[PDB]
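Here is the structure we will look at.
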Amino acid sequence: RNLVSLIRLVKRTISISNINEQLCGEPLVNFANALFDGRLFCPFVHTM
Amino acid sequence: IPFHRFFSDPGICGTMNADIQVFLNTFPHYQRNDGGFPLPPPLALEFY
């Protein structure tokens, strides 16, 4: 439960820069941090 | 029922309803807890 809450806190801490504006279709944090975007697919997936 | 400045979590609302979920999947910058993502326009009266 603490590891799940830790990952919640990491999402908070680098979702500081969240502002209500899209530019093309992407939110501004998708523009900010590559951890919050479509391009960073990640190494392990089970469906798509 | 998202009605107030508080008590308006998108992560709660878009899981009970699918219509909010396809609204947020098209506009992901309203998934933020911080400011006001929009209420229904009769409920969204900030200056009042």
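Any read-out appearing in this document is the output of simple, stated calculations on the displayed coordinates, not a laboratory observation. Note that we place each Cβ from the backbone using ideal geometry, even for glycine, and neighbour counts take in every protein chain shown.
In the range B:1-26, what count of residues is obtained for those that are assigned to a loop (DSSP other than H, G, I, E, B) and either under 11 Å from the mean Cα position of the chain (by Cα) or among the basic types (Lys, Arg) (or both)?
In the first step, residues of the range B:1-26 are kept if they are assigned to a loop (DSSP other than H, G, I, E, B); the result is B:1-9, B:17.
From what is left, the residues that are either under 11 Å from the mean Cα position of the chain (by Cα) or among the basic types (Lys, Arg) (or both) are B:1-9.
Residues that pass the stated criteria total 9.
Which ones in the range A:7-48 are among the small types (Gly, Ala, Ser) and more than 10 Å from every other protein chain (Cβ to nearest Cβ)? Working first, answer last.
First pass over the range A:7-48, keeping only residues among the small types (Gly, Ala, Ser): A:15, A:17, A:25, A:32, A:34, A:38.
Once the filter is applied, which keeps residues that are among the small types (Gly, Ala, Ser) and more than 10 Å from every other protein chain (Cβ to nearest Cβ), the range A:7-48 yields A:17, A:32, A:34, A:38.
Considering each of B:48, B:30 in turn, give the residue that is among the hydroxyl-bearing types (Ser, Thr, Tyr), free of Cβ contacts under 8 Å to residues at least 60 places away in the same chain and touching a helix residue (DSSP H, G or I) at 6+ places or on another chain (Cβ under 7 Å). Working first, answer last.
Values: B:48 fails: touching a helix residue (DSSP H, G or I) at 6+ places or on another chain (Cβ under 7 Å).
Of the residues listed, the single one that is among the hydroxyl-bearing types (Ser, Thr, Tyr), free of Cβ contacts under 8 Å to residues at least 60 places away in the same chain and touching a helix residue (DSSP H, G or I) at 6+ places or on another chain (Cβ under 7 Å) is B:30.
Which numbered condition trips up residue A:17, out of (1) among the small types (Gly, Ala, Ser); (2) surrounded by 10 or more Cβ atoms within 10 Å (Cβ to Cβ); (3) in a helix (DSSP H, G or I)?
Residue A:17 satisfies every listed condition except (3).
Filter the range B:19-48 down to the residues that are more than 14 Å from chain A (Cβ to nearest Cβ) and farther than 26 Å from residue A:31 by Cα, then identify the one that is surrounded by the most Cβ atoms within 10 Å (Cβ to Cβ).
B:43
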